[PDB]
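Structure 1 and structure 2 below are two forms of the same protein chain, each written out on its own as structure tokens.
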Structure 1
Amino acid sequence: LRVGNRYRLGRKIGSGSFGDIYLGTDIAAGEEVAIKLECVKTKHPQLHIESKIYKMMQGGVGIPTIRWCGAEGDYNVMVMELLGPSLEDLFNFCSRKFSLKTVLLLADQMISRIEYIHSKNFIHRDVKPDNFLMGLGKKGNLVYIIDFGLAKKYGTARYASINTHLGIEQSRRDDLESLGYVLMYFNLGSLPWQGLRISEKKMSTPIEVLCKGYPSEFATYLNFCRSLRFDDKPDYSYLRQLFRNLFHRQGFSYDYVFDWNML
């Protein structure tokens, strides 16, 4: 179907936090795009709020470009550049196993994405594999952060921080602690509180038991995040340096060759 004079709406590929995702084509520029549809009459409209967040975050590395914003028939329409698969899709495609090199290359970029969002006075609140996409073509080495539907100016139970389970207001430390669980999830293939209550299991699982058999940096990362105060500005540089020093000790080259590039 025709959308905003130049876009052609394609098939539904999935969903966001508050709307359906579709594939699409920018007919004028000759480029494939991603289209997010809301519902004009929705009780809690949020698509234009999210567009404002994306607009404010433009210019930042790994922040997707929003091409158009409007309303077509029954829906509010946001048009974004086409990005690649999610880290969740890539993990499943890689048989739910990532090499240490891949986990570290992902960690370096993911910490930077979270830090940029925080530098722009926002917390993400839903740091999970599904919310990170690899770019396509020339941007195939780039980790993009998506979905600002749950974002707030300063989530998923599997990756939620202990503070979140306790019902505490989310802050900068919570986005980073969630990233720590995502990194361990990539190392193990699953988390001990997956497919189980989750709060009880997370609190009864010492960081050292969770990270057993894996480099100490993953535990040090989670311990640092769990030690941060509510209003604390996290030391993002320290956390990246933690994984960067391990990357160098392992003798890996920062060449952006991920496990999926080997298929």
Structure 2
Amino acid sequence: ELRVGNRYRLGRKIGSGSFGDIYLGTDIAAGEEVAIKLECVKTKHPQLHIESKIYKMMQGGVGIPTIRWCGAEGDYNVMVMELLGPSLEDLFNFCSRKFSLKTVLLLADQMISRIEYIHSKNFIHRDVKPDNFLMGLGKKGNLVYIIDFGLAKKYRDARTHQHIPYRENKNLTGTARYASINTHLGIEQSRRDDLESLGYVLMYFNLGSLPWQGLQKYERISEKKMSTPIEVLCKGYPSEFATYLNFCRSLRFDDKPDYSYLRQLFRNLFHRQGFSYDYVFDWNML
């Protein structure tokens, strides 16, 4: 009967974050389910309050979850957020690990916008992946949310817009599977890299699997990833997916991406395929 002070009662583990796990909770006074993250106050480097600050800076942004509470309670730092629906990875598995082109396109629009909004707030995410996108609940079930800012970093000063310096010899942050080529080469991550990863995420959804899945280990993925040309990776799928990747890989370190161009590629393709813009995803068809 584990209780976060007076207000919340803890439940089962529902998730795994970059720093610590996510538990199902109840707000007793409200009669309402929530998602709860805990950090031991003794933790060597504490980021829970740091990560909450980012969320609250982002608040009001479309597809950004809302923080109900952040603070210290007993021997824990606590973050409580609004409860959201399943991740895209979860839903991928329920859809036999293949999304229809319509679903991938509907996702890509929203996912590109999420990344664009975070960039507008002077942050890069650095762990763009299917697990870090979640569907909303009820009336927001059609909305893709972005979560987990634990690896997120500020890429430019807010007032001056001074961009962070180019560096090399960096250790990889994020999942190797969706990491950009430059990230595998130890380059400092920037806006291009969030977008490049999103490209691998979309192709993952088209294919069911990437050529560098299921093969020392990090050098082996990097190799296969650098050995596989974009045309090879995207063969049998609309050229837009290769065009997206080639554009992202063209971008220099401090370049601003053209988010409208990339959205438009997929919007035009959507039109040519004749799909209804009805937000009816594959999982709604189940």
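All residue numbers here refer to structure 1's sequence, counted from 1. Just so we're on the same page, rigid core means the largest C-alpha set that superposes within 1.5 Å between forms.
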Discussion item. Shifts of 2 Å or more at the CA atom, core superposed, between structure 1 and structure 2: which of the listed residues 89, 81, 108, 72 is the one?
Written reply: 72
Practice prompt. Just grab the Cα shift of residue 8 between structure 1 and structure 2 for me, core aligned, in angstrom.
Written response: 1.9
Response to the item:
After superposing on the rigid core, the Cα of residue 27 moves between structure 1 and structure 2 by an amount in angstrom of 2.0
